[PDB]
Student: 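Sending over a structure as structure tokens; questions will come in a sec.
Naming convention: chains lettered A, B, ... in sequence-line order (proteins, then strands); numbering from 1 in each chain. All values below come from the heavy atoms of this structure, side chains included, with hydrogens, waters and symmetry mates left out.
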2 protein chains.
Amino acid sequence: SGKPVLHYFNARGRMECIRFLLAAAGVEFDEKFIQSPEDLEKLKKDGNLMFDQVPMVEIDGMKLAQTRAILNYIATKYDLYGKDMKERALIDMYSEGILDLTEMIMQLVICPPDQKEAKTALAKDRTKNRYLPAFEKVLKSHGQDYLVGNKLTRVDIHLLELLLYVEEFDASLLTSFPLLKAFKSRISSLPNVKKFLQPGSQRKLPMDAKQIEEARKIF
Amino acid sequence: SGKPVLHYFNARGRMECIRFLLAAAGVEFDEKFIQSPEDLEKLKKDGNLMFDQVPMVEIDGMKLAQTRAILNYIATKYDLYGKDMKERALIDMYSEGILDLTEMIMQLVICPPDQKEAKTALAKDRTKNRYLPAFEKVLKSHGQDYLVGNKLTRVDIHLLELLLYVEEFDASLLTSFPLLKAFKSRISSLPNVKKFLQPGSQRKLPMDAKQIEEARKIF
Ligand SMILES: N[C@@H](CCC(=O)N[C@@H](CS(=O)(=O)O)C(=O)NCC(=O)O)C(=O)O
Ligand SMILES: N[C@@H](CCC(=O)N[C@@H](CS(=O)(=O)O)C(=O)NCC(=O)O)C(=O)O
């Protein structure tokens with residue numbers, strides 16, 4: 001089989017979603033954490049990062065970089081990419097909006113302190129008046145347990161991850177989304193997911209303060 | 001067949017790549033240009049933008065939003081997405097780095113004037129010391145006319161588009177990349193592409209000044 005090698009900083013960043021996807025597929029993986037600028041330079045020196053950047057996953061003989069390229073690949077091979085040409089349109093259109101808000105939130109602990117409060121208000125607004133209603137809409141439309149195809153797919157995992165971050169951001173934002181709430185429980189309960197959520201796994205912690213400082217050396 | 005409907009501002013923005021892809025596939029499309037905040041509000045009011053945003057293409061009965069979702073869909077249906085599960089890894093990993101630099105350049109005519117010169121220097125550096133060598137590497141590795149699978153795919157089109165923007169940015173940056181140069185000629189010469197490049201097509205003009213101002217009302 002071969003255990004994929006993920007290269008990244010000891011942080012969620014962009015690799016987090018990849019970690020989540022792999023674990024959900026029940027595929028064990030090895031990681032090499034970039035801990036020093038040296039590590040990174042050495043990494044680049046090897047000529048294995050197509051654009052001198054990470055994420056980069058060694059898998060099936062490829063040195064696949066680019067978050068979406070990696071995820072996309074993993075999704076197909078582990079049948080987490082739906083049944084056909086239209087389901088993926090849905091999955092695709094559902095994952096990107098999920099990526100959007102994710103970044104939106106990320107920014108919060110990265111922006112000029114002078115403007116945090118305002119960005120946060122926007123993020124909350126967006127979260128509850130744009131994103132959540134959208135996904136909730138999707139669930140309410142078919143009443144089935146999975147977002148697409150009534151079969152587990154990558155967005156289900158992606159949605160879970162986002163919901164977990166929204167819960168870390170402002171938990172009250174999720175209290176008016178029943179099906180989403182229920183969804184979170186369901187997906188979280190999946191054996192693979194549960195294991196990953198259990199402490200002692202490759203899931204990385206949220207950043208800020210402690211992590212903000214460590215970023216101020218390499219990330 | 002049905003002619004897809006693309007909703008967007010009268011600008012390249014994020015839809016440009018979609019326009020390029022469609023034309024390359026020889027698929028005619030209709031567009032409804034967002035010309036007034038009203039237009040946009042009305043557009044949103046209809047409840048057809050999953051996240052209240054555009055790009056959004058009506059196609060095959062879907063109101064598909066999300067740039068990458070749309071492109072991805074178009075690529076598969078018009079067989080511009082390679083032969084298999086590994087070629088797309090390549091295509092994927094090649095399109096995103098192409099999207100990266102694109103945005104990088106975009107920023108130039110959007111950043112605080114105080115810092116343009118510096119960002120531009122970085123963009124030029126990146127262009128010629130990171131991106132171009134990468135794609136050039138890909139071409140030099142197999143000597144065939146297409147980047148992947150020796151068959152025309154979406155990245156070929158995406159690469160062309162980027163090269164055209166790099167040519168608009170700083171043409172001298174392309175003079176040390178033979179195969180890229182040749183590639184540009186080849187792809188540009190493709191009947192579908194040529195037509196699109198010919199004036200009087202749906203290809204949008206670059207922004208700034210004239211366009212900067214018009215953005216200051218809606219975009
Ligand atoms: N589009 C890339 C972005 C990757 C990226 O920006 N990588 C950064 C690090 S981080 O922002 O993700 O932390 C990097 O490797 N930068 C190092 C370099 O470019 O030399 C992706 O999604 O994979
Ligand atoms: N991730 C989306 C981004 C789309 C986006 O940001 N759309 C903006 C307009 S633009 O930045 O592309 O010009 C929008 O519709 N904003 C209106 C709104 O959000 O209400 C995509 O790639 O499709």
Side-chain angles (χ1 to χ4, degrees), chain A residues 11-14 16-17 67 93-139 155 158-177 180-181 183-184 206-209 211-212 215 219, chain B residues 7-9 11 13-15 34 36-56 65-69 99 103-104 106-107 109-112 114-115 119 212 214-219:
Chain A
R12 291 184 171 159
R14 308 178 175 265
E16 199 60 20
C17 49
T67 310
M93 153 173 228
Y94 298 163
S95 304
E96 293 292 315
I98 282 164
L99 280 332
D100 282 19
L101 184 63
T102 301
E103 292 241 276
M104 214 175 294
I105 293 175
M106 301 311 299
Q107 302 301 6
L108 270 47
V109 289
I110 296 161
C111 75
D114 163 27
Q115 323 157 329
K116 189 169 184 175
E117 187 167 43
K119 284 176 180 173
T120 294
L122 183 56
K124 285 191 163 181
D125 186 316
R126 248 67 200 279
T127 294
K128 77 181 199 69
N129 301 297
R130 178 172 278 178
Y131 293 106
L132 301 185
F135 292 117
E136 188 85 8
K137 172 176 182 173
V138 176
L139 289 175
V155 251
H158 301 336
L159 186 42
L160 177 65
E161 178 170 22
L162 165 63
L163 299 177
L164 293 169
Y165 299 8
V166 172
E167 179 172 77
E168 293 170 343
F169 177 37
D170 180 9
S172 67
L173 293 176
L174 302 173
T175 47
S176 303
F177 300 95
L180 277 181
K181 157 215 304 291
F183 177 79
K184 181 170 169 294
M207 42 292 266
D208 188 1
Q211 291 197 38
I212 278 187
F219 189 80
Chain B
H7 309 258
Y8 206 61
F9 297 96
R14 308 178 175 265
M15 184 60 88
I34 280 159
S36 76
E38 174 265 340
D39 295 356
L40 176 55
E41 193 57 61
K42 291 208 304 186
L43 224 207
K44 293 177 172 179
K45 168 174 179 172
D46 305 0
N48 270 317
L49 316 180
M50 204 188 148
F51 299 112
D52 283 343
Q53 296 168 313
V54 292
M56 188 286 255
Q66 285 300 352
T67 310
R68 292 175 169 82
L99 280 332
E103 292 241 276
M104 214 175 294
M106 301 311 299
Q107 302 301 6
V109 289
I110 296 161
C111 75
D114 163 27
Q115 323 157 329
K119 284 176 180 173
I212 278 187
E214 103 116 81
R216 310 193 59 157
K217 60 179 66 175
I218 302 159
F219 189 80

Student: Answer yes or no: is there a side-chain heavy-atom contact under 4.5 Å between B:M50 and B:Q66?
Tutor: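 In short, these two side chains do not touch, never coming nearer than 4.5 Å.
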
Student: Is it the case that over 12 heavy atoms from other parts of the model lie below 6.0 angstrom from the NZ atom of B:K44?
Tutor: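 Atom NZ in B:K44 is packed in, count exceeds 12.
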
Student: Between A:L174 and A:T127, is any pair of side-chain heavy atoms under 4.5 Å apart?
Tutor: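 In short, these two side chains do not touch, never coming nearer than 4.5 Å.
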
Student: How close do A:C111 and A:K119 get, heavy atom to heavy atom, and via which atoms?
Tutor: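 Looks like CB-NZ, 3.6 Å.
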
Student: Considering all heavy atoms of both residues, which atom of B:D39 and which atom of B:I34 are nearest to each other, and what is their separation?
Tutor: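 Scanning both residues completely, I find the closest heavy atoms to be OD2-C, 3.7 Å.
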
Student: What pair of heavy atoms forms the shortest contact from A:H158 to A:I98, and how long is it?
Tutor: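 Looks like O-CG2, 3.6 Å.
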
Student: Report yes if the side chains of B:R14 and B:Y8 come closer than 4.5 Å at any heavy-atom pair, otherwise no.
Tutor: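 Yes. Closest side-chain heavy atoms under 4.5 Å.
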
Student: Restricting to non-hydrogen atoms, name the atom on A:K128 and the atom on A:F177 that form the minimum distance, rounded to 0.1 Å.
Tutor: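 Looks like O-CZ, 3.6 Å.
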
Student: Just verifying a value: how many Å separate A:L132 CG and A:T175 OG1, rounded to the nearest 0.5 Å?
Tutor: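 Going from the CG atom of A:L132 to the OG1 atom of A:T175 covers 10.0 Å.
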
Student: Hey, does the side chain of A:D100 reach the backbone of A:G97 with a donor-acceptor pair shorter than 3.5 angstrom?
Tutor: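 No; zero donor-acceptor contacts below 3.5 Å.
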
Student: Do A:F135 and A:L163 come close enough that some side-chain heavy atom pair is under 4.5 Å?
Tutor: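 When only atoms from C-beta onward are counted, A:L163 and A:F135 do not touch, as no gap falls below 4.5 Å.
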
Student: Would you indicate whether the side-chain heavy atoms of B:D52 and A:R130 approach each other to under 4.5 Å?
Tutor: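 Yes, at least one pair of side-chain atoms sits under 4.5 Å.
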
Student: side-chain hydrogen bond (donor to acceptor under 3.5 Å, both in side chains) with A:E96: which residues, sequence neighbours excluded?
Tutor: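 With neighbours one apart ignored, the set is A:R68.
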
Student: Can the ring centres of B:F51 and A:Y94 be said to be less than 6.0 Å apart?
Tutor: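 No - the distance between ring centres of B:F51 and A:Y94 does not fall below the 6.0 Å cut-off.
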
Student: With sequence neighbours left out, write down each residue that passes side-chain hydrogen bond (donor to acceptor under 3.5 Å, both in side chains) with A:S176, or none if nothing qualifies.
Tutor: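 Expected list: none.
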
Student: Among all residues two or more places apart in sequence or in another chain, which pass the salt bridge (charged side-chain N to carboxylate O under 4.0 Å, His left out) test with A:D170?
Tutor: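 By the salt bridge (charged side-chain N to carboxylate O under 4.0 Å, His left out) rule, A:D170 matches A:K124.
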
Student: Does the side chain to side chain contact (heavy atoms under 4.5 Å, CB included) test come out yes or no for A:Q211 and A:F219, once each step is laid out?
Tutor: CA-CA 10 Å; A:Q211 291 197 38; A:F219 189 80; over 6 Å; no

